[PDB]
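Structure data follow from upload.txt (compact mmCIF, C-alpha atoms and all ligand atoms):
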# COMPACT_ATOMS: atom_id res chain seq x y z
CA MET Z 1 -2.41 12.28 -33.81
CA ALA Z 2 -1.61 11.72 -30.07
CA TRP Z 3 0.33 8.51 -29.30
CA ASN Z 4 1.08 6.22 -26.31
CA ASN Z 5 3.66 3.39 -25.99
CA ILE Z 6 3.67 1.14 -22.89
CA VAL Z 7 6.35 -1.48 -22.27
CA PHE Z 8 6.70 -3.87 -19.29
CA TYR Z 9 10.33 -4.79 -18.31
CA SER Z 10 10.24 -8.00 -16.25
CA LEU Z 11 12.91 -8.91 -13.68
CA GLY Z 12 13.79 -12.62 -13.24
CA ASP Z 13 15.75 -13.72 -10.18
CA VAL Z 14 15.89 -16.96 -8.11
CA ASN Z 15 16.54 -16.58 -4.36
CA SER Z 16 16.18 -18.52 -1.09
CA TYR Z 17 14.95 -17.54 2.37
CA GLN Z 18 15.28 -19.47 5.63
CA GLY Z 19 12.21 -19.17 7.88
CA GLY Z 20 13.66 -21.62 10.46
CA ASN Z 21 11.94 -23.99 12.96
CA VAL Z 22 8.29 -23.07 13.48
CA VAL Z 23 5.12 -24.42 15.08
CA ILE Z 24 1.75 -24.06 13.19
CA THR Z 25 0.68 -21.22 15.55
CA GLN Z 26 3.63 -19.08 14.30
CA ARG Z 27 4.00 -16.89 11.13
CA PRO Z 28 7.53 -17.24 9.64
CA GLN Z 29 8.54 -14.23 7.53
CA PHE Z 30 10.44 -13.77 4.26
CA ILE Z 31 11.77 -10.61 2.58
CA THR Z 32 11.29 -9.91 -1.13
CA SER Z 33 14.12 -7.57 -2.17
CA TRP Z 34 14.02 -5.50 -5.39
CA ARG Z 35 17.17 -6.67 -7.19
CA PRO Z 36 18.47 -4.64 -10.14
CA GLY Z 37 19.66 -6.84 -13.01
CA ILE Z 38 18.73 -7.92 -16.56
CA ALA Z 39 15.03 -7.30 -17.38
CA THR Z 40 13.10 -8.91 -20.28
CA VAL Z 41 10.11 -7.25 -22.06
CA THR Z 42 7.08 -9.53 -21.45
CA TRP Z 43 4.26 -7.15 -22.62
CA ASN Z 44 3.75 -3.99 -24.67
CA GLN Z 45 0.96 -1.92 -26.22
CA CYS Z 46 2.10 0.76 -28.71
CA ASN Z 47 0.71 3.11 -31.42
CA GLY Z 48 3.68 5.58 -31.61
CA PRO Z 49 7.28 5.72 -32.93
CA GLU Z 50 9.47 2.77 -31.86
CA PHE Z 51 12.55 5.08 -31.74
CA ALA Z 52 13.22 8.68 -30.55
CA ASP Z 53 16.23 9.95 -32.57
CA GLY Z 54 16.83 12.92 -30.23
CA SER Z 55 15.30 15.64 -32.45
CA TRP Z 56 11.72 15.62 -30.97
CA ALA Z 57 10.05 15.57 -27.51
CA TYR Z 58 8.13 12.80 -25.73
CA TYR Z 59 6.77 12.47 -22.13
CA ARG Z 60 7.74 9.75 -19.59
CA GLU Z 61 5.56 7.96 -16.97
CA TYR Z 62 7.27 5.09 -15.04
CA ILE Z 63 5.53 2.69 -12.60
CA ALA Z 64 7.24 -0.16 -10.73
CA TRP Z 65 5.09 -3.28 -10.14
CA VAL Z 66 5.20 -6.34 -7.80
CA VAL Z 67 2.42 -8.98 -8.40
CA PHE Z 68 2.56 -11.55 -5.58
CA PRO Z 69 0.44 -14.72 -4.89
CA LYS Z 70 -1.88 -14.64 -1.80
CA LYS Z 71 -1.70 -18.46 -1.55
CA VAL Z 72 0.70 -21.24 -2.64
CA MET Z 73 0.48 -25.06 -2.58
CA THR Z 74 3.19 -27.28 -1.06
CA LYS Z 75 4.45 -30.37 -3.02
CA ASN Z 76 2.59 -32.61 -0.47
CA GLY Z 77 -0.72 -30.73 -1.24
CA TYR Z 78 -1.29 -28.12 1.53
CA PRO Z 79 -2.06 -24.35 1.27
CA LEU Z 80 0.28 -21.67 2.66
CA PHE Z 81 -1.30 -18.21 3.16
CA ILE Z 82 0.87 -15.20 2.16
CA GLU Z 83 0.15 -12.04 4.19
CA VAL Z 84 1.69 -8.53 4.14
CA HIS Z 85 3.90 -7.73 7.15
CA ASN Z 86 5.70 -4.58 5.88
CA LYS Z 87 5.12 -3.05 2.41
CA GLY Z 88 7.13 0.16 3.03
CA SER Z 89 5.94 2.98 0.73
CA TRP Z 90 4.48 0.63 -1.99
CA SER Z 91 0.84 1.31 -3.04
CA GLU Z 92 -1.17 -1.83 -2.31
CA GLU Z 93 -4.02 -1.81 -4.85
CA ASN Z 94 -6.99 -3.89 -6.17
CA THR Z 95 -7.20 -5.38 -2.64
CA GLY Z 96 -10.44 -7.27 -3.39
CA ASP Z 97 -8.60 -9.68 -5.76
CA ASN Z 98 -8.82 -13.28 -4.41
CA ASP Z 99 -5.54 -14.60 -5.80
CA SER Z 100 -2.84 -11.90 -6.02
CA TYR Z 101 -1.45 -8.76 -4.32
CA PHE Z 102 -0.70 -5.72 -6.57
CA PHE Z 103 2.03 -3.37 -5.30
CA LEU Z 104 2.75 -0.23 -7.36
CA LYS Z 105 5.11 2.73 -7.14
CA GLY Z 106 4.52 5.60 -9.60
CA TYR Z 107 7.79 7.56 -9.39
CA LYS Z 108 7.97 9.54 -12.68
CA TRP Z 109 5.19 11.37 -14.65
CA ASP Z 110 4.74 14.36 -17.05
CA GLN Z 111 8.49 14.44 -17.74
CA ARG Z 112 9.37 16.02 -21.13
CA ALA Z 113 12.50 14.56 -22.78
CA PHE Z 114 14.53 14.54 -26.03
CA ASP Z 115 17.00 11.72 -25.10
CA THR Z 116 17.47 9.17 -27.92
CA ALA Z 117 15.57 6.06 -26.71
CA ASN Z 118 13.91 2.75 -27.72
CA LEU Z 119 10.24 3.72 -27.11
CA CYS Z 120 8.60 0.35 -27.88
CA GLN Z 121 10.87 -2.65 -27.18
CA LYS Z 122 9.38 -6.02 -28.18
CA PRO Z 123 8.67 -9.14 -26.06
CA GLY Z 124 11.94 -11.05 -25.56
CA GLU Z 125 14.20 -7.96 -25.79
CA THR Z 126 16.49 -7.37 -22.78
CA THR Z 127 18.03 -4.40 -20.90
CA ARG Z 128 19.81 -3.79 -17.55
CA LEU Z 129 17.56 -2.17 -14.85
CA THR Z 130 19.34 -0.49 -11.89
CA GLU Z 131 16.37 1.21 -10.20
CA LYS Z 132 15.89 0.43 -6.48
CA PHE Z 133 12.61 0.19 -4.51
CA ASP Z 134 11.49 -0.85 -0.96
CA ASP Z 135 11.72 -4.40 0.34
CA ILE Z 136 8.36 -6.13 0.90
CA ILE Z 137 8.22 -8.26 4.05
CA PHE Z 138 5.64 -11.04 4.01
CA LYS Z 139 4.46 -13.46 6.77
CA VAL Z 140 3.19 -17.04 6.12
CA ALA Z 141 0.22 -18.64 7.95
CA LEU Z 142 0.64 -22.45 8.04
CA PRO Z 143 -2.54 -24.61 8.16
CA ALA Z 144 -3.08 -26.32 11.57
CA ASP Z 145 -3.02 -29.75 9.88
CA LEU Z 146 0.30 -29.16 7.98
CA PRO Z 147 2.34 -32.44 8.34
CA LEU Z 148 5.57 -32.18 10.44
CA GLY Z 149 8.89 -31.98 8.60
CA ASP Z 150 11.11 -30.01 6.22
CA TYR Z 151 9.55 -27.75 3.58
CA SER Z 152 11.10 -26.24 0.47
CA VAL Z 153 8.45 -24.11 -1.31
CA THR Z 154 8.91 -22.33 -4.69
CA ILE Z 155 6.97 -19.03 -4.73
CA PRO Z 156 6.88 -17.54 -8.27
CA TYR Z 157 6.08 -13.82 -8.61
CA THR Z 158 6.25 -10.86 -11.02
CA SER Z 159 8.27 -7.65 -10.65
CA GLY Z 160 9.36 -4.97 -13.07
CA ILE Z 161 8.89 -1.52 -14.53
CA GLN Z 162 6.11 -0.24 -16.73
CA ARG Z 163 7.49 2.59 -18.95
CA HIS Z 164 4.83 4.78 -20.66
CA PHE Z 165 6.04 7.14 -23.42
CA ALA Z 166 3.54 9.69 -24.80
CA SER Z 167 3.40 12.62 -27.26
CA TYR Z 168 1.51 14.86 -24.82
CA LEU Z 169 1.66 16.42 -21.33
CA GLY Z 170 -0.70 14.91 -18.73
CA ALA Z 171 -0.54 11.37 -20.14
CA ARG Z 172 -1.61 8.58 -17.75
CA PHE Z 173 -1.71 4.82 -18.27
CA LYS Z 174 -1.73 1.90 -15.86
CA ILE Z 175 -1.40 -1.70 -17.08
CA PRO Z 176 -4.93 -3.10 -16.29
CA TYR Z 177 -4.96 -5.29 -13.13
CA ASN Z 178 -6.42 -8.25 -15.19
CA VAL Z 179 -3.30 -8.02 -17.46
CA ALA Z 180 -0.81 -7.44 -14.57
CA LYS Z 181 -2.21 -10.61 -12.83
CA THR Z 182 -1.29 -12.70 -15.93
CA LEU Z 183 2.22 -11.24 -16.66
CA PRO Z 184 4.79 -14.15 -16.54
CA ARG Z 185 6.07 -14.78 -12.98
CA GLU Z 186 9.83 -14.73 -13.72
CA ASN Z 187 11.07 -14.33 -10.12
CA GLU Z 188 11.21 -17.22 -7.64
CA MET Z 189 11.46 -17.15 -3.86
CA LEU Z 190 12.41 -20.59 -2.49
CA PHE Z 191 10.88 -20.50 1.04
CA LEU Z 192 12.52 -22.91 3.56
CA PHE Z 193 11.17 -23.90 7.02
CA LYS Z 194 10.76 -26.89 9.34
CA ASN Z 195 7.35 -27.62 10.84
CA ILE Z 196 8.17 -28.81 14.43
CA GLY Z 197 6.13 -30.16 17.40
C1 LIG K 1 -5.05 5.84 -12.43
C2 LIG K 1 -4.90 7.09 -11.73
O1 LIG K 1 -4.71 8.13 -12.41
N1 LIG K 1 -4.98 7.14 -10.41
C3 LIG K 1 -5.19 6.01 -9.51
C4 LIG K 1 -3.97 5.82 -8.65
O2 LIG K 1 -2.98 5.57 -9.63
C5 LIG K 1 -1.65 5.99 -9.29
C6 LIG K 1 -0.97 5.02 -8.35
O3 LIG K 1 -1.02 3.68 -8.85
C7 LIG K 1 0.48 5.44 -8.10
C8 LIG K 1 1.21 4.39 -7.20
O4 LIG K 1 2.49 4.92 -6.73
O5 LIG K 1 1.16 5.65 -9.36
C9 LIG K 1 0.63 6.57 -10.26
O6 LIG K 1 0.61 7.87 -9.66
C10 LIG K 1 1.80 8.61 -9.86
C11 LIG K 1 2.26 9.22 -8.52
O7 LIG K 1 2.41 8.32 -7.48
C12 LIG K 1 1.21 10.17 -8.05
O8 LIG K 1 1.70 10.61 -6.81
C13 LIG K 1 1.05 11.26 -9.08
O9 LIG K 1 0.08 12.19 -8.60
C14 LIG K 1 0.19 13.45 -9.27
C15 LIG K 1 -0.77 13.55 -10.43
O10 LIG K 1 -0.23 12.83 -11.57
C16 LIG K 1 -0.88 15.01 -10.82
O11 LIG K 1 -1.87 15.08 -11.84
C17 LIG K 1 -1.29 15.80 -9.59
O12 LIG K 1 -1.61 17.11 -10.00
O13 LIG K 1 -0.17 15.83 -8.69
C18 LIG K 1 0.09 14.51 -8.20
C19 LIG K 1 1.45 14.55 -7.52
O14 LIG K 1 1.25 15.12 -6.25
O15 LIG K 1 0.63 10.68 -10.28
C20 LIG K 1 1.58 9.77 -10.84
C21 LIG K 1 1.12 9.40 -12.22
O16 LIG K 1 1.95 8.39 -12.86
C22 LIG K 1 -0.79 6.10 -10.57
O17 LIG K 1 -1.40 6.96 -11.55
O18 LIG K 1 -4.21 4.72 -7.78
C23 LIG K 1 -5.27 4.88 -6.87
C24 LIG K 1 -5.46 3.80 -5.77
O19 LIG K 1 -4.26 3.11 -5.53
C25 LIG K 1 -6.56 5.02 -7.67
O20 LIG K 1 -6.82 3.79 -8.37
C26 LIG K 1 -6.42 6.21 -8.63
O21 LIG K 1 -7.48 6.21 -9.55
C27 LIG K 1 -8.63 6.99 -9.15
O22 LIG K 1 -9.26 6.73 -7.90
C28 LIG K 1 -10.35 7.58 -7.49
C29 LIG K 1 -11.22 6.93 -6.41
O23 LIG K 1 -10.47 6.14 -5.54
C30 LIG K 1 -11.29 7.91 -8.66
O24 LIG K 1 -11.94 6.72 -9.11
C31 LIG K 1 -10.45 8.57 -9.74
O25 LIG K 1 -11.30 9.01 -10.77
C32 LIG K 1 -11.66 10.29 -11.13
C33 LIG K 1 -12.77 10.09 -12.15
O26 LIG K 1 -13.91 9.75 -11.77
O27 LIG K 1 -12.54 10.24 -13.34
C34 LIG K 1 -10.47 11.10 -11.63
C35 LIG K 1 -10.82 12.59 -11.61
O28 LIG K 1 -9.64 13.24 -12.07
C36 LIG K 1 -11.26 13.07 -10.26
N2 LIG K 1 -11.68 14.44 -10.39
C37 LIG K 1 -11.35 15.48 -9.60
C38 LIG K 1 -10.31 15.24 -8.55
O29 LIG K 1 -11.91 16.61 -9.74
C39 LIG K 1 -12.47 12.22 -9.92
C40 LIG K 1 -13.19 12.68 -8.66
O30 LIG K 1 -12.38 12.42 -7.52
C41 LIG K 1 -14.59 12.06 -8.43
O31 LIG K 1 -14.97 12.00 -7.05
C42 LIG K 1 -14.73 10.62 -8.89
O32 LIG K 1 -15.48 10.65 -10.08
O33 LIG K 1 -12.12 10.82 -9.87
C43 LIG K 1 -9.38 7.64 -10.32
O34 LIG K 1 -8.48 8.29 -11.20
ZN ZN K 2 8.72 -6.68 11.37
ZN ZN K 3 -6.01 -28.75 5.54
Please go through the file and, once you have read it, give me the structure as structure tokens.
Ligand SMILES: CC(=O)N[C@H]1[C@H](O[C@H]2[C@@H](O)[C@@H](CO)O[C@H](O[C@@H]3[C@H](O)[C@@H](O)[C@H](O[C@H]4[C@H](O)[C@@H](O)[C@H](O)O[C@@H]4CO)O[C@@H]3CO)[C@@H]2O)O[C@H](CO)[C@H](O)[C@@H]1O[C@@H]1O[C@H](CO)[C@H](O)[C@H](O[C@]2(C(=O)O)C[C@H](O)[C@@H](NC(C)=O)[C@H]([C@H](O)[C@H](O)CO)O2)[C@H]1O
Ligand SMILES: [Zn+2]
Ligand SMILES: [Zn+2]
Amino acid sequence: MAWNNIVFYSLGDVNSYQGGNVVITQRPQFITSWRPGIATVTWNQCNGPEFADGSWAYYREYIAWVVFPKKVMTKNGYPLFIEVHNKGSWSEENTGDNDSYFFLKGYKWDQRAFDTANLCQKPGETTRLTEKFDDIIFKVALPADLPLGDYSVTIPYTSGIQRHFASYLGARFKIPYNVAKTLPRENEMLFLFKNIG
């Protein structure tokens, strides 16, 4: 029987970004950098062998994901609107979604391999990821009634790699958008800025 194993390796990093002194008519930017580091499995769906011993072939399909909020609330109760300034070569998909951006990069498919490998790692397992992808530059629209002062805003988001191992050539699987939207947001961007007059 034909089999498919899909595992999502989630990256979890905390970082800060200084947007500086801004007036409400301006759009301060922040850069989301793809940082290689320790990834944790947060989702899987498998019906095949959990381990390839090196004696038989399987096929690889890898897709990098960034799932970013379109809006965030300040501690004092105001909305900040997250907009795309520069998404490089990322594929911006499911654009009609009200709450989140979905950025994908499908960089490996139909690749036959024999390499000994863990084909279905379980939620909570960890591994080092060293892959590199484009920065994503965002711009923030401040509401005209935002109170003046210093802001320190936590922006949680998801990033990681979906690895799809299959028994056959031509295998294709994408984590459904409704699932991607609910993957734990393990990264944090602490956005700093001062609303001036
Ligand atoms: C899910 C899917 O398969 N395609 C999505 C597409 O998914 C991509 C995308 O997310 C990228 C992001 O980087 O990653 C993967 O793609 C990888 C590579 O990037 C990509 O370059 C690579 O392309 C290969 C391909 O694998 C080879 O088969 C091909 O021969 O060569 C190229 C390389 O040059 O593939 C990699 C695979 O890992 C993801 O898979 O995302 C987009 C939008 O962002 C869409 O969501 C794609 O899905 C389709 O969209 C169109 C409409 O917009 C249709 O709905 C289409 O459906 C069919 C269908 O109805 O069944 C598929 C049929 O095959 C097609 N029939 C043909 C061409 O005869 C029909 C047809 O066009 C009819 O008009 C519609 O009925 O559409 C969806 O599959
Ligand atoms: Zn620019
Ligand atoms: Zn308001």
Of the candidates Z:123, Z:96, Z:184, Z:54, which one gets nearest to residue 66 in chain Z if we count all atoms listed in the file?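 The closest residue to residue 66 in chain Z is Z:184.
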Within 12 Å of ligand ZN 3 (chain K), counting all atoms listed in the file, which protein or nucleic acid residues do you find, written as a VMD selection string? chain Z and resid 24 73 to 74 76 to 81 142 to 147
Neighbouring residues of ligand ZN 2 (chain K) are defined here as those with any atom at most 12 Å from a ligand atom, counting all atoms listed in the file; list them as a ChimeraX atom specification. /Z:27-31,84-88,135-139
Counting all atoms listed in the file, which of Z:43, Z:34, Z:51, Z:173 gets nearest to ligand LIG 1 (chain K)?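 Using all atoms listed in the file, ligand LIG 1 (chain K) sits closest to Z:173.
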Counting only C-alpha atoms and all ligand atoms, what residues are within 6 Å of ligand LIG 1 (chain K), given as a PyMOL selection string? chain Z and resi 61+91+93+104-107+109
Interatomic distance, CA of residue 57 in chain Z to CA of residue 115 in chain Z (Å, one decimal):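 The value is 8.3 Å.
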Take CA of residue 152 in chain Z and CA of residue 180 in chain Z and report the distance between them in Å, one decimal.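 Computing it gives 26.9 Å between the two atoms.
The nearest approach to residue 7 in chain Z among the residues Z:189, Z:72, Z:23, Z:63, with all atoms listed in the file taken into account, belongs to Z:63.
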Test item: axis-aligned box, all listed atoms of range 116-132 of chain Z, 3 Å on each side, centre and edges in Å rounded to one decimal, as AutoDock Vina command-line options:
--center_x 14.2 --center_y -0.9 --center_z -17.3 --size_x 17.2 --size_y 26.2 --size_z 27.7
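Remark: residues at most 8 Å from position (13.5, -11.2, -16.3) in file coordinates are residues 9, 10, 11, 12, 13, 38, 39, 40, 41, 186 and 187 of chain Z, using all atoms listed in the file.
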Which polymer residues have any atom within 8 Å of an atom of residue 4 in chain Z, counting all atoms listed in the file, with same-chain residues fewer than 2 positions away left out, as a list in words?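 Listing them by chain and then by number gives residues 2, 6, 46, 47, 48, 164, 165, 166 and 167 of chain Z.
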Atomic separation - CA of residue 60 in chain Z relative to CA of residue 162 in chain Z, Å: 10.5 Å
